[PDB]
Amino acid sequence: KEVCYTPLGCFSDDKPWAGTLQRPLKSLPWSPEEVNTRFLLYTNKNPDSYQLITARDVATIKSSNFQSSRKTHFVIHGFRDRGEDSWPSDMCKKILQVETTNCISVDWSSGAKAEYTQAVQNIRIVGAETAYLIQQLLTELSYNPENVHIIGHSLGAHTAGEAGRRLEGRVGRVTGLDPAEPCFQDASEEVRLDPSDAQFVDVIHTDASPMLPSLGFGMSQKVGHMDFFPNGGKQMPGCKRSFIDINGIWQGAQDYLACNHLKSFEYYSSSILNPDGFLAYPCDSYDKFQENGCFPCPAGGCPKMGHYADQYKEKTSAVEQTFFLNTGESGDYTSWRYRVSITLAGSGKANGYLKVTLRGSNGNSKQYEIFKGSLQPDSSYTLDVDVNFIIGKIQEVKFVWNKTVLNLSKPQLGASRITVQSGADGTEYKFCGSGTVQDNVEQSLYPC
Ligand SMILES: CCCCCCCCCC[N+](C)(C)[O-]
Ligand SMILES: CCCCCCCCCC[N+](C)(C)[O-]
Ligand SMILES: [Ca+2]
Ligand SMILES: [Ca+2]
């Protein structure tokens, strides 16, 4: 029970578009007009106001600052979001401070203001609007599709994968910023987003808890050549866990219930200006990562999660290549990972915290509990940690340690050695603290 439209063609309401386990009711997309898809063009020439372009009137493009010479970034929002002044436009601007390029924000606000179930269908339209606009950068200005990068959030991610599929995977890259779960997880690839929709698909997963009984709006399913899982991808730091601004029904609700879903475009937008800020590490599971595994960055380097992911040598050597890492709690959310070993010393057996600080070069870190437990002489005790900022080179630690069981002597403990290390490369820095002062000191171990 299909319906056709302008140059965009037809939309069959039957499987897998509807009457799926994933999409139980049968509906059809709105009209192009009803959706009001709008391509807004930013280029280094005009980094503030945009140029309304249209694939319907080629004149609007040719007479615009669009540069057939350069890459083109598309940024598509999702359910109940907008292009005009929300984050997508904000994101285009950031992209133009670092590369000379065309960045378009795909605003379909009015169509994404529908009821989720409908919205899940309007997405098909915007796919086509977009795909179509690309089919006419090729025909009109011989603009190679493999120069196009589509970046979509939530429903937008699937939107982008849609356009991508309309162009037989000719499009060079689509990036999925926490692709929506409801109606997509475990569905035909025809309807969702999968590695086949572009030459390169990379995904950031920030809200991959189960949508049902549980409300994790993000897909847990791997759908890219690369699927990144910041902080394990289920609970992002800075957020406390779990549309018409619910904030007018229940004050705080929106933010509360969407914060993790949104960290996907947060992290990405910051990677644009901070490439070295989000290095993913390959691993089987986040726990292996969290339990001091898969460290440090591998042979060639860690992929940069985010904007500069397309620089990874083996970016498409496989599908569902998964990586893990930890972001910051706020600001630009950049964290760097270091390994920290401590082998014990002394005579008497104690119990306690095993804190640490860092001076590096740039600033100084925070306290860093590397261990709590039994402190038997000359053993060893490592733990990987996350430095929410860019320091430099260690060789300037501090130590400190506190009590858990109160007495059995009060021994002269210290720390024989403290193997430091970077994640990026492998730069150890390790130190000798010959002089095992008892308790609660800033015994500054130093180079050797
Ligand atoms: C799978 C549906 C995702 C629901 C999340 C909706 C988030 C609202 C968009 C955020 N905001 C309008 C502030 O950009
Ligand atoms: C306690 C401060 C954080 C706000 C918590 C708001 C949670 C309300 C959940 C929204 N809902 C419509 C399900 O009530
Ligand atoms: Ca697909
Ligand atoms: Ca790039």
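What is reported rests on the model, the rules as stated and the sources as named; these are not laboratory values. Cβ sites come from the backbone with ideal geometry, for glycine too, and all protein chains shown count toward neighbours.
Of all residues in the range 288-326, which are touching a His at 6+ places or on another chain (Cβ under 7 Å) and not in a loop (DSSP other than H, G, I, E, B)? Passing the criteria: only 321. Among the candidates 24, 7, 16, 47, the residue that is under 30 Å from residue 66 (Cβ atoms) and either under 32 Å from the mean Cα position of the chain (by Cα) or surrounded by 14 or more Cβ atoms within 10 Å (Cβ to Cβ) (or both) is uniquely 47. Note on the range 27-37: among residues that are crowded, with 18+ Cβ neighbours inside 10 Å and in contact with a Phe, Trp or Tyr (Cβ under 7 Å, 6 or more places away or on another chain), the one that is farthest from residue 141 (Cα to Cα) is 29.
Do the conditions hold for residue 264, that is, is it closer than 27 Å to residue 189 by Cα and either of a type in the set (D, E, K, R) or away from ligand 4 (no atom under 16 Å from the Cβ) (or both)? Criteria met by residue 264. Number of residues in the range 309-337 that are more than 14 Å from residue 227 (Cα to Cα) and within 16 Å of ligand 4 (Cβ to nearest atom): the value is 2. Residues that are within 16 Å of ligand 4 (Cβ to nearest atom) and either assigned to a loop (DSSP other than H, G, I, E, B) or farther than 19 Å from residue 92 by Cα (or both) within the range 154-189 comprise 171, 172, listed in sequence order.
Here are 430, 393, 372: which of them is among the charged types (D, E, K, R) and farther than 22 Å from residue 291 by Cα? Criteria check complete, one pass: 393.
Quick grid of which residues meet (1) more than 16 Å from ligand 3 (Cβ to nearest atom); (2) at negative phi; (3) of a type outside the set (A, V, I, L, M); (4) out of contact with any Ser or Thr (no Cβ under 6 Å at 6 or more places or on another chain):
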residue	(1), (2), (3), (4)
108	yes, yes, yes, no
112	yes, yes, no, yes
119	yes, yes, no, yes
123	no, yes, no, no
127	no, yes, yes, no
131	no, yes, no, yes
136	yes, yes, yes, yes
143	yes, yes, yes, no
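How about the range 245-304: which of its residues are within 28 Å of residue 90 (Cα to Cα), of a type in the set (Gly, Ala, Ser) and away from ligand 1 (no atom under 16 Å from the Cβ)? 270, 271, 277, 280 - these are the residues of the range 245-304 that are within 28 Å of residue 90 (Cα to Cα), of a type in the set (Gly, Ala, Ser) and away from ligand 1 (no atom under 16 Å from the Cβ).
Scanning the range 192-203 for residues that are crowded, with 24+ Cβ neighbours inside 10 Å and either farther than 26 Å from residue 327 by Cβ or within 16 Å of ligand 1 (Cβ to nearest atom) (or both) returns 192, 193, 197, 203. Among the residues of the range 65-117, those identified as surrounded by fewer than 17 Cβ atoms within 10 Å (Cβ to Cβ), under 19 Å from residue 45 (Cα atoms) and either within 16 Å of ligand 1 (Cβ to nearest atom) or small (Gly, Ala, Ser) (or both) are 68, 69, 84, 85, 90. If you take the residues of the range 27-44 that are in a strand (DSSP E or B) and aromatic (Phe, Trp, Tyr), which of them is nearest to residue 66 (Cα to Cα)? Among residues in the range 27-44 that are in a strand (DSSP E or B) and aromatic (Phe, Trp, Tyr), the one nearest to residue 66 (Cα to Cα) is 42.
Do you know which of the residues in the range 317-365 that are hydroxyl-bearing (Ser, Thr, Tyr) and buried (at least 18 other Cβ atoms within 10 Å of the Cβ) is farthest from residue 235 (Cα to Cα)?
Narrowing the range 317-365 to residues hydroxyl-bearing (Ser, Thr, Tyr): 317, 322, 327, 330, 333-335, 338, 341, 343, 347, 353, 357, 361, 365.
Adding the requirement that they be buried (at least 18 other Cβ atoms within 10 Å of the Cβ) leaves 322, 327, 333-335, 338, 341, 365.
Working: 322: 17, 327: 11, 333: 14, 334: 17, 335: 16, 338: 22, 341: 27, 365: 24 Å.
Going through the qualifying residues, I end up with 341.
Restricting attention to the range 204-247 and to residues that are away from ligand 4 (no atom under 16 Å from the Cβ), surrounded by 24 or more Cβ atoms within 10 Å (Cβ to Cβ) and among the β-branched types (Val, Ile, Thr), the residue that is farthest from the chain's Cα centre (by Cα) turns out to be 223. The residues on offer are 420, 437, and the sole one that is closer than 14 Å to residue 340 by Cβ, surrounded by 13 or more Cβ atoms within 10 Å (Cβ to Cβ) and not charged (D, E, K, R) is 420. Within the range 200-220, being touching a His at 6+ places or on another chain (Cβ under 9 Å) and either assigned to a loop (DSSP other than H, G, I, E, B) or not assigned by CATH to the domain that holds residue 290 (or both) holds for 200, 206, 207, 216, 217, 219, 220.
Report the residue count in the range 340-362 for those that are in a loop (DSSP other than H, G, I, E, B), under 18 Å from residue 445 (Cα atoms) and under 36 Å from the mean Cα position of the chain (by Cα).
The qualifying residues number 9.
Considered as a group, the residues in the range 145-184 that are acidic (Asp, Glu) and within 14 Å of ligand 3 (Cβ to nearest atom) include one that is nearest to residue 78 (Cα to Cα), and that residue is 162.
Taken together, the criteria exclude residue 407 from residues that are exposed (fewer than 15 other Cβ atoms within 10 Å of the Cβ), in the same structural domain as residue 342 (by CATH), within 43 Å of the chain's Cα centre (by Cα) and not hydroxyl-bearing (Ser, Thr, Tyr).
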